[PDB]
Every structure is written in structure tokens, then in C-alpha cells.
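J.: Sending over a structure as C-alpha cells; questions will come in a sec.
In this analysis, Cβ positions are derived from the backbone assuming ideal geometry, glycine residues included, and neighbour counts consider all displayed protein chains. Since every read-out is calculated from the coordinates, none of them should be taken as a lab result.
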Amino acid sequence: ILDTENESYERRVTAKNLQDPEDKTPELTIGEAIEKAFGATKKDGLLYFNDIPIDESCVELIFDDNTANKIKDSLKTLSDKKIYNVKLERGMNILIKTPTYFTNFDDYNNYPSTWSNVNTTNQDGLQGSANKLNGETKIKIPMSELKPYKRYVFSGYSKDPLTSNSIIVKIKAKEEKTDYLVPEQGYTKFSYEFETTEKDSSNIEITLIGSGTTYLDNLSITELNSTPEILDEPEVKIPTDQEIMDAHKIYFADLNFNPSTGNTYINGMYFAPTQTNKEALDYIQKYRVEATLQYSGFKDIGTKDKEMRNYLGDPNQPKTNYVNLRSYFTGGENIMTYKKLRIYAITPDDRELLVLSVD
Amino acid sequence: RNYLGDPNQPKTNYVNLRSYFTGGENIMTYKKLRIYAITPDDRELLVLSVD
Ligand SMILES: [Ca+2]
């Protein structure tokens, strides 16, 4: 498969299966297969699609387990340790992802803005020139040349012929990731990852600071996948514990009178609606009450749901919370006024709050 | 509501002061009162004032 980040190409090519003598099919190394599978050209021994460099250095490569392990040991045996020189067997599942942004300091400059330190005067890099510049090279991308919610990889090659010193790599991205690189005599790939967000967030900034003379080439950036994220919402408005007790600050007790020694034994309750509490009287779902009955004392009487009757019985007045003390779990007895009583508002989350107390 | 309660008269705007968010109390006449017409676009306009 080819990535070629405007349209993909997939091909199929016959393998040899060395374990059969009667298969007189030709034998092909990987690199040989690629040039025929995509009509690629060899400008310098490197493979070029139309002008896009293609080999182990300039691109990213992706393998299946079998297809990778069958190279893992087929390389330590070969004379040349280049992958494109490994042959082809059946069932290899390969993938060639091309960089979206690439420079070898010889032919290719994808990057919109250029690096702060160039030094293209060289003959190293495994290819043409190489960035020497013992100093540091920054790079800034406006994030407008990037797919927003994706993660890319940053690949390239580094060597230090005196194998003494080393480099840092900062990536100002989703996160500010930190990174230290120890190059070697020969070149080595690094391929550090990072994530982008927000569709013109802060310009994404990659800085490379290294003390002592350093050598670079084939700096590739290339997409991998999408990353989910979350912005900013209107969330659960758990109102308070105070506005509850500010919603019930206005109440009225509906009373059923007794003709003999009239002491207005309670029939129920309300909680007055005004302009403000019409949100705060709504979160209270249950009502715990404990009262003082007639023939016995101060019993605990139920937590049944509210009733939502018309306030004061005035049909024009709206409907608001009614706590029918009559329907609670009394033994069947009335509830006097001017003696002890307490009503608890219990939020749905089992968090009781006192809201008034008869004293 | 029906204007003046006369069923032959048409239906026109009624502002039921009783159904408003009073604490449960009446509204006297010959003492201060003001009614605001609020257009749907949240643009209030005074339309009469008891004085
Ligand atoms: Ca190069």
C-alpha cells in the first residue's frame, strides 16, 4: 500500500515461497517489488514516485507481526542491512506511509516555514547534504497546515562522529513533550510522536537544541490517526444547599379545624413560589417530616414524595410543592400547631436539609 | 379572555393579575400599579399606570 497523502494506492505482487522447487516464479527483494508495483523510478538508487523520495529513510514503514518478524531475522543474516534488499514471501502485509512534510536538505522542502539553522554545506546525511549546525534549529507550523484532531510522528536521522554529546527535542503541541537523543557513529532513526488539537490552536513548535557538532538528515513528519477530545459544555447544575433553604423561606400551613377546643390540627403544607425560587423548589424531590402527634409524642413520620398542589388553593396561582402531612405514615392521628415539628428537604441524592422547624 | 365577559364580544388580551407570582395577596385599586407590555423581542413598553 502507498499513503501519498492525497490518495492511496494498493497493489498485489507474486511471491516465491522458497520451500517449493516447482515454483519457477522469479524472486524479488522488497525494494525491487515496490518500483514495479507503483512504476517508481531510481533517480540515485533511492526510489522516487514522481518526485517523492521512497526508501527506509524518507518514509515511515508499517508491518504485520509475521511480516515484521520475517524481516527481524532475515536482516541480521544479510550482508547489507537495508530492508529493501530482503526478498518476498507470501502473506507479507506491508505498508508505506509517505511523510506529509519532508526534507533531505538536497531535493525536498515540504515545510511551509523553514528551520532557523540550515548549514546545507556538507556531504554526509546518507544522502547529499546534511544539516550540521552545532547550534539549534527551530520550526513553527501555523497549525493551519495540519489536520486538527490527529497525532503525527516526527522522524529523521542523527549521528555524532565523536560519540560524545547529544540533543534535546521539544514539541509544543497538545502537550509540551520532553526528549533527549544520544546519537552514535552511524545514523539512527528516532520517530517521536505528538498530538494536535483545536483547528488553529497555538502554532505547533518543534525545537532542536544540541551541544557539540551534530548531523541530521531526512526529517519526516507524517500522520497516524485521530485523537478524540472535549471542549466546554453546560453541565449538571446542582444548585446549592443554601438556595434550597432560601426557596422554602416562604411557606404556609393548610389547617383542618376541630370544632371542640379548636387547635387547628394540620392537614398539610405548601412552600410559596415567587419569581426566584421557581428553580430552587424543583430540585427537592422527597420530603422527610417528623412531627408531634396528639395521643403520642414526637414520632418520625415518613419521607414520601411531594404532592405539587395549587398554591393556597387559588386556581390562578401556579402549582408548587405540597407536603401532605395527612398522607404520611402516622398511626392515623392529627398534627397540632404551636408544638414541635420539623420538615426535611431530601435531595434526590439522599442529602437531607432542614428547611423549617415549628417552635 | 372574552372582553368584559360579554360572550358576543370577541376575545382580547386579559392580564390575570391573580395568576401572577404574588405571595397570595390581593391587589387594591386607587393605589400604585403599572403594567408593561413586553414585545416578544424583550422590549418592554409601559402601557398604563394606576395613579
Ligand atoms: Ca539528505
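Here's the yes/no breakdown for (1) surrounded by fewer than 19 Cβ atoms within 10 Å (Cβ to Cβ); (2) among the small types (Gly, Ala, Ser); (3) over 30 Å from A:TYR270 (Cβ atoms):
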{"site": "A:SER164", "(1), (2), (3)": "yes, yes, yes"}
{"site": "A:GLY186", "(1), (2), (3)": "yes, yes, yes"}
{"site": "A:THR207", "(1), (2), (3)": "yes, no, yes"}
{"site": "A:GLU235", "(1), (2), (3)": "yes, no, yes"}
{"site": "A:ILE238", "(1), (2), (3)": "yes, no, no"}
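J.: What do you reckon, is A:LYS16 touching a residue at least 12 places away in the same chain (Cβ under 8 Å), of a type in the set (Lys, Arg) and not in a loop (DSSP other than H, G, I, E, B)?
T.: No: the conditions fail for A:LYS16.
J.: Now for a different question. So, of the residues in the range B:3-41 that are aromatic (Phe, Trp, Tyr) and farther than 21 Å from A:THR276 by Cα, which turns out to be nearest to the other protein chains (Cβ to nearest Cβ)?
T.: B:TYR14
J.: In addition: Report yes if A:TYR322 is away from chain B (no Cβ under 13 Å) and within 13 Å of A:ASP254 (Cα to Cα), otherwise no.
T.: yes
J.: Can you tell me which residue within the range A:115-134, out of those that are within 7 Å of the ligand (Cβ to nearest atom) and small (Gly, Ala, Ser), is nearest to A:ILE206 (Cα to Cα)?
T.: It comes out as A:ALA130.
J.: Return the residues of the range A:186-230 that are among the small types (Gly, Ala, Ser) and over 13 Å from A:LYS172 (Cα atoms); say none if nothing qualifies.
T.: Once the filter is applied, which keeps residues that are among the small types (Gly, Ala, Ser) and over 13 Å from A:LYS172 (Cα atoms), the range A:186-230 yields A:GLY186, A:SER191, A:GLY210, A:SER211, A:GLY212, A:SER220, A:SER226.
J.: Then there's this: Test A:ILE141 against the criterion of being over 24 Å from A:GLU56 (Cβ atoms), more than 16 Å from the ligand (Cβ to nearest atom) and touching a residue at least 60 places away in the same chain (Cβ under 8 Å), and give yes or no.
T.: yes
J.: If you don't mind, another one. So, of the residues in the range A:332-347 that are in contact with a strand residue (DSSP E or B) (Cβ under 8 Å, 6 or more places away or on another chain) and assigned to a loop (DSSP other than H, G, I, E, B), which turns out to be nearest to the other protein chains (Cβ to nearest Cβ)?
T.: Going through the qualifying residues, I end up with A:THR337.
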